[PDB]
Amino acid sequence: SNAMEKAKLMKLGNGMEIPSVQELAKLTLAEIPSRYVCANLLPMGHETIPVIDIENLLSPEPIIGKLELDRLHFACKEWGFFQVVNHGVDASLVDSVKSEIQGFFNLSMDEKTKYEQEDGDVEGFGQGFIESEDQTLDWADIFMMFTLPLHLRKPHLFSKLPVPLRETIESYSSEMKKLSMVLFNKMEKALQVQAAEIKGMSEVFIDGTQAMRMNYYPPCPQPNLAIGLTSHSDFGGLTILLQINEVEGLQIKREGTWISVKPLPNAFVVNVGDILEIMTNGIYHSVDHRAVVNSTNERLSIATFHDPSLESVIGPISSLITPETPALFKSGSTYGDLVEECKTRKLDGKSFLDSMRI
Ligand code: NI
């Protein structure tokens, strides 16, 4: 890289665009710029996340189906995270998702940023804008966009994607949505929610929103000072993650320790979000997780998020409120209002979930 590129990447004021870490990584710096150093710790945990087989889950043989339903129910209660295998998503499609996204991140910055973002429109390539000097930046580049419903797709964003990536993403969206609905429907059965009689789970997600985050984590020279994706719990319904290459990075919090997730070949990693925990009246758990970086290999992933529609009324499903499981969370806000409230929230204090507790 040339000296002007270096200055553009490193001499950053508040209000400037967060720079590309894939570009920063080419500078091969001895120490990472100060903004990537995490300022404010749990130990590492061979206990691994459960595996759920979708063929078993959908088996026409009731004993097979019931066993897998017990496994799903267990994983959602006790782990909040599970791998899915025999998931029905064609191997060729998965290969194309991997190759086209690898292809995409290997394009020039000019080619990755052809979409003209509207003021306040944060979709496409980019982590956003620098907020303050004490803001910590993730060691990661991102491409984020809404994928369902169709009218939430930014048409000019979609038109500026390479054609094979766009077509593959469109197919992947459909398969991810189908898979999410298989899982929502089975979670509803595991919870004994009679969707015909009462306001259940699946009806909230069937016409809900879907979004994708494509993530590129370059190698980092000081991987014990930086983070790929800061510790968080997912806000919405069900997340389905594909790890694109064989580089480990995803870690989940279990009993005050960090546990590595090594995705299986031909597996997706699925987790419960905060809104899903609420809807289940705390029976299913949304778990803290993070992505770490390393000094030798880039890591890639794509996460597909399945959330309520913006006007879905959120609360614990009524048949899950019982004398043995009393109502833990408030009811009655729309999903869109919860999203907006969480953006402000309270500077100091508690998690979104704890803020919603009765
Ligand atoms: Ni997450």
# chains A, B, ... in the order shown; residues from 1 in each chain; ligands from 1

call {"tool": "residues_near_ligand", "arguments": {"ligand": "ligand 1", "cutoff": "8 Å", "atoms": "only C-alpha atoms and all ligand atoms", "output": "JSON, numbers by chain"}}
result
{"A": [232, 233, 234, 239, 288, 289, 290, 303]}

call {"tool": "write_last_selection", "arguments": {"atoms": "N, CA, C and O atoms", "output": "PDB file, in the first residue's frame"}}
result
ATOM      1  N   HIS A 232     -22.297  -9.858  22.281  1.00  0.00           N
ATOM      2  CA  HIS A 232     -23.670  -9.378  22.161  1.00  0.00           C
ATOM      3  C   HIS A 232     -24.605 -10.575  22.233  1.00  0.00           C
ATOM      4  O   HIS A 232     -24.183 -11.739  22.100  1.00  0.00           O
ATOM      5  N   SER A 233     -25.882 -10.293  22.423  1.00  0.00           N
ATOM      6  CA  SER A 233     -26.913 -11.283  22.143  1.00  0.00           C
ATOM      7  C   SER A 233     -27.718 -10.742  20.984  1.00  0.00           C
ATOM      8  O   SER A 233     -27.843  -9.519  20.823  1.00  0.00           O
ATOM      9  N   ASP A 234     -28.217 -11.644  20.144  1.00  0.00           N
ATOM     10  CA  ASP A 234     -28.976 -11.237  18.982  1.00  0.00           C
ATOM     11  C   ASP A 234     -30.325 -10.731  19.465  1.00  0.00           C
ATOM     12  O   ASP A 234     -30.911 -11.301  20.376  1.00  0.00           O
ATOM     13  N   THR A 239     -31.420 -16.653  14.271  1.00  0.00           N
ATOM     14  CA  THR A 239     -30.270 -16.453  13.413  1.00  0.00           C
ATOM     15  C   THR A 239     -29.720 -17.783  12.880  1.00  0.00           C
ATOM     16  O   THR A 239     -29.580 -18.750  13.647  1.00  0.00           O
ATOM     17  N   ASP A 288     -25.318 -14.779  24.962  1.00  0.00           N
ATOM     18  CA  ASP A 288     -24.221 -13.916  24.576  1.00  0.00           C
ATOM     19  C   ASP A 288     -23.193 -14.716  23.761  1.00  0.00           C
ATOM     20  O   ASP A 288     -22.917 -15.873  24.063  1.00  0.00           O
ATOM     21  N   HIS A 289     -22.642 -14.065  22.741  1.00  0.00           N
ATOM     22  CA  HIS A 289     -21.660 -14.649  21.853  1.00  0.00           C
ATOM     23  C   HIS A 289     -20.809 -13.558  21.175  1.00  0.00           C
ATOM     24  O   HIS A 289     -21.143 -12.375  21.192  1.00  0.00           O
ATOM     25  N   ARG A 290     -19.690 -13.982  20.614  1.00  0.00           N
ATOM     26  CA  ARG A 290     -18.712 -13.058  20.044  1.00  0.00           C
ATOM     27  C   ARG A 290     -17.956 -13.754  18.946  1.00  0.00           C
ATOM     28  O   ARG A 290     -18.045 -14.976  18.814  1.00  0.00           O
ATOM     29  N   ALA A 303     -24.468 -14.447   8.215  1.00  0.00           N
ATOM     30  CA  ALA A 303     -25.561 -14.669   9.180  1.00  0.00           C
ATOM     31  C   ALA A 303     -26.871 -14.150   8.586  1.00  0.00           C
ATOM     32  O   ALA A 303     -26.910 -13.049   8.017  1.00  0.00           O
TER      33      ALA A 303
END

call {"tool": "residues_around", "arguments": {"residues": "region 118-125 of chain A", "least_positions_apart": "5", "cutoff": "8 Å", "atoms": "only C-alpha atoms", "output": "list in words"}}
result
residues 112, 113, 141, 142, 143, 144, 145, 146 and 157 of chain A

call {"tool": "closest_residue", "arguments": {"among": "A:117, A:149, A:222, A:87", "to": "residue 178 (chain A)", "atoms": "only C-alpha atoms"}}
result
A:87

call {"tool": "residues_around", "arguments": {"residues": "region 265-268 of chain A", "least_positions_apart": "2", "cutoff": "8 Å", "atoms": "only C-alpha atoms", "output": "list in words"}}
result
residues 83, 84, 85, 86, 87, 91, 240, 241, 242, 243, 263 and 270 of chain A

call {"tool": "closest_residue", "arguments": {"among": "A:71, A:35, A:345, A:98", "to": "residue 53 (chain A)", "atoms": "only C-alpha atoms"}}
result
A:71

call {"tool": "decode", "arguments": {"residues": "region 8-39 of chain A", "atoms": "N, CA and C atoms", "output": "PDB file, in the first residue's frame"}}
result
ATOM      1  N   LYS A   8      -5.227   7.831   4.787  1.00  0.00           N
ATOM      2  CA  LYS A   8      -6.683   7.721   4.657  1.00  0.00           C
ATOM      3  C   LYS A   8      -7.276   6.680   5.599  1.00  0.00           C
ATOM      4  N   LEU A   9      -6.550   5.589   5.810  1.00  0.00           N
ATOM      5  CA  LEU A   9      -7.017   4.530   6.686  1.00  0.00           C
ATOM      6  C   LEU A   9      -6.823   4.816   8.160  1.00  0.00           C
ATOM      7  N   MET A  10      -5.803   5.603   8.501  1.00  0.00           N
ATOM      8  CA  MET A  10      -5.375   5.764   9.886  1.00  0.00           C
ATOM      9  C   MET A  10      -5.658   7.118  10.506  1.00  0.00           C
ATOM     10  N   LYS A  11      -5.810   8.168   9.706  1.00  0.00           N
ATOM     11  CA  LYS A  11      -6.012   9.499  10.270  1.00  0.00           C
ATOM     12  C   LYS A  11      -7.504   9.801  10.240  1.00  0.00           C
ATOM     13  N   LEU A  12      -8.187   9.307  11.265  1.00  0.00           N
ATOM     14  CA  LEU A  12      -9.650   9.245  11.313  1.00  0.00           C
ATOM     15  C   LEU A  12     -10.203  10.172  12.372  1.00  0.00           C
ATOM     16  N   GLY A  13     -11.045  11.116  11.972  1.00  0.00           N
ATOM     17  CA  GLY A  13     -11.821  11.903  12.921  1.00  0.00           C
ATOM     18  C   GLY A  13     -13.196  11.303  13.154  1.00  0.00           C
ATOM     19  N   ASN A  14     -13.818  11.707  14.254  1.00  0.00           N
ATOM     20  CA  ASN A  14     -15.246  11.450  14.475  1.00  0.00           C
ATOM     21  C   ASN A  14     -16.088  11.986  13.318  1.00  0.00           C
ATOM     22  N   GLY A  15     -17.064  11.186  12.890  1.00  0.00           N
ATOM     23  CA  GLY A  15     -17.913  11.494  11.747  1.00  0.00           C
ATOM     24  C   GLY A  15     -17.445  10.933  10.422  1.00  0.00           C
ATOM     25  N   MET A  16     -16.183  10.522  10.328  1.00  0.00           N
ATOM     26  CA  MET A  16     -15.692   9.863   9.120  1.00  0.00           C
ATOM     27  C   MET A  16     -16.234   8.452   9.039  1.00  0.00           C
ATOM     28  N   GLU A  17     -16.205   7.882   7.842  1.00  0.00           N
ATOM     29  CA  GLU A  17     -16.603   6.480   7.659  1.00  0.00           C
ATOM     30  C   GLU A  17     -15.587   5.569   8.351  1.00  0.00           C
ATOM     31  N   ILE A  18     -16.089   4.533   9.019  1.00  0.00           N
ATOM     32  CA  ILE A  18     -15.231   3.502   9.584  1.00  0.00           C
ATOM     33  C   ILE A  18     -14.443   2.866   8.423  1.00  0.00           C
ATOM     34  N   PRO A  19     -13.108   2.798   8.536  1.00  0.00           N
ATOM     35  CA  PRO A  19     -12.337   2.302   7.392  1.00  0.00           C
ATOM     36  C   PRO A  19     -12.372   0.792   7.236  1.00  0.00           C
ATOM     37  N   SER A  20     -12.025   0.339   6.029  1.00  0.00           N
ATOM     38  CA  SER A  20     -11.905  -1.095   5.727  1.00  0.00           C
ATOM     39  C   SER A  20     -10.733  -1.727   6.469  1.00  0.00           C
ATOM     40  N   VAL A  21     -11.032  -2.740   7.271  1.00  0.00           N
ATOM     41  CA  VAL A  21      -9.991  -3.510   7.943  1.00  0.00           C
ATOM     42  C   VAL A  21      -9.263  -4.464   6.990  1.00  0.00           C
ATOM     43  N   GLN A  22      -9.941  -4.904   5.934  1.00  0.00           N
ATOM     44  CA  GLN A  22      -9.270  -5.691   4.912  1.00  0.00           C
ATOM     45  C   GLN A  22      -8.155  -4.850   4.246  1.00  0.00           C
ATOM     46  N   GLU A  23      -8.402  -3.552   4.040  1.00  0.00           N
ATOM     47  CA  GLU A  23      -7.350  -2.638   3.578  1.00  0.00           C
ATOM     48  C   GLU A  23      -6.283  -2.356   4.643  1.00  0.00           C
ATOM     49  N   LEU A  24      -6.701  -2.086   5.878  1.00  0.00           N
ATOM     50  CA  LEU A  24      -5.779  -1.875   6.989  1.00  0.00           C
ATOM     51  C   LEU A  24      -4.792  -3.030   7.162  1.00  0.00           C
ATOM     52  N   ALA A  25      -5.296  -4.260   7.018  1.00  0.00           N
ATOM     53  CA  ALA A  25      -4.477  -5.459   7.109  1.00  0.00           C
ATOM     54  C   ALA A  25      -3.339  -5.529   6.092  1.00  0.00           C
ATOM     55  N   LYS A  26      -3.487  -4.890   4.930  1.00  0.00           N
ATOM     56  CA  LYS A  26      -2.408  -4.860   3.923  1.00  0.00           C
ATOM     57  C   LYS A  26      -1.197  -4.027   4.373  1.00  0.00           C
ATOM     58  N   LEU A  27      -1.409  -3.100   5.312  1.00  0.00           N
ATOM     59  CA  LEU A  27      -0.322  -2.264   5.817  1.00  0.00           C
ATOM     60  C   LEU A  27       0.659  -3.041   6.679  1.00  0.00           C
ATOM     61  N   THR A  28       0.242  -4.221   7.154  1.00  0.00           N
ATOM     62  CA  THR A  28       1.065  -5.111   7.979  1.00  0.00           C
ATOM     63  C   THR A  28       1.726  -4.316   9.117  1.00  0.00           C
ATOM     64  N   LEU A  29       0.876  -3.691   9.923  1.00  0.00           N
ATOM     65  CA  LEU A  29       1.331  -2.863  11.025  1.00  0.00           C
ATOM     66  C   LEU A  29       1.781  -3.746  12.194  1.00  0.00           C
ATOM     67  N   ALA A  30       2.774  -3.260  12.947  1.00  0.00           N
ATOM     68  CA  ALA A  30       3.279  -3.964  14.134  1.00  0.00           C
ATOM     69  C   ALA A  30       2.217  -3.959  15.230  1.00  0.00           C
ATOM     70  N   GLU A  31       1.729  -2.768  15.577  1.00  0.00           N
ATOM     71  CA  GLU A  31       0.646  -2.641  16.545  1.00  0.00           C
ATOM     72  C   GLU A  31      -0.618  -2.112  15.860  1.00  0.00           C
ATOM     73  N   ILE A  32      -1.770  -2.548  16.364  1.00  0.00           N
ATOM     74  CA  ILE A  32      -3.069  -2.159  15.815  1.00  0.00           C
ATOM     75  C   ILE A  32      -3.363  -0.719  16.246  1.00  0.00           C
ATOM     76  N   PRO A  33      -4.041   0.065  15.387  1.00  0.00           N
ATOM     77  CA  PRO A  33      -4.421   1.410  15.819  1.00  0.00           C
ATOM     78  C   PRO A  33      -5.287   1.359  17.079  1.00  0.00           C
ATOM     79  N   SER A  34      -5.166   2.384  17.898  1.00  0.00           N
ATOM     80  CA  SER A  34      -5.736   2.401  19.225  1.00  0.00           C
ATOM     81  C   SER A  34      -7.251   2.132  19.250  1.00  0.00           C
ATOM     82  N   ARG A  35      -7.964   2.604  18.226  1.00  0.00           N
ATOM     83  CA  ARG A  35      -9.418   2.435  18.162  1.00  0.00           C
ATOM     84  C   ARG A  35      -9.900   0.960  18.131  1.00  0.00           C
ATOM     85  N   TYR A  36      -9.024   0.019  17.771  1.00  0.00           N
ATOM     86  CA  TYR A  36      -9.367  -1.419  17.753  1.00  0.00           C
ATOM     87  C   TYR A  36      -9.058  -2.167  19.080  1.00  0.00           C
ATOM     88  N   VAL A  37      -8.459  -1.479  20.047  1.00  0.00           N
ATOM     89  CA  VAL A  37      -8.065  -2.096  21.314  1.00  0.00           C
ATOM     90  C   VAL A  37      -9.293  -2.116  22.211  1.00  0.00           C
ATOM     91  N   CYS A  38      -9.725  -3.289  22.659  1.00  0.00           N
ATOM     92  CA  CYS A  38     -10.863  -3.360  23.592  1.00  0.00           C
ATOM     93  C   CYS A  38     -10.472  -2.804  24.974  1.00  0.00           C
ATOM     94  N   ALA A  39     -11.283  -1.875  25.503  1.00  0.00           N
ATOM     95  CA  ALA A  39     -10.923  -1.103  26.712  1.00  0.00           C
ATOM     96  C   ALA A  39     -11.305  -1.750  28.054  1.00  0.00           C
TER      97      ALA A  39
END
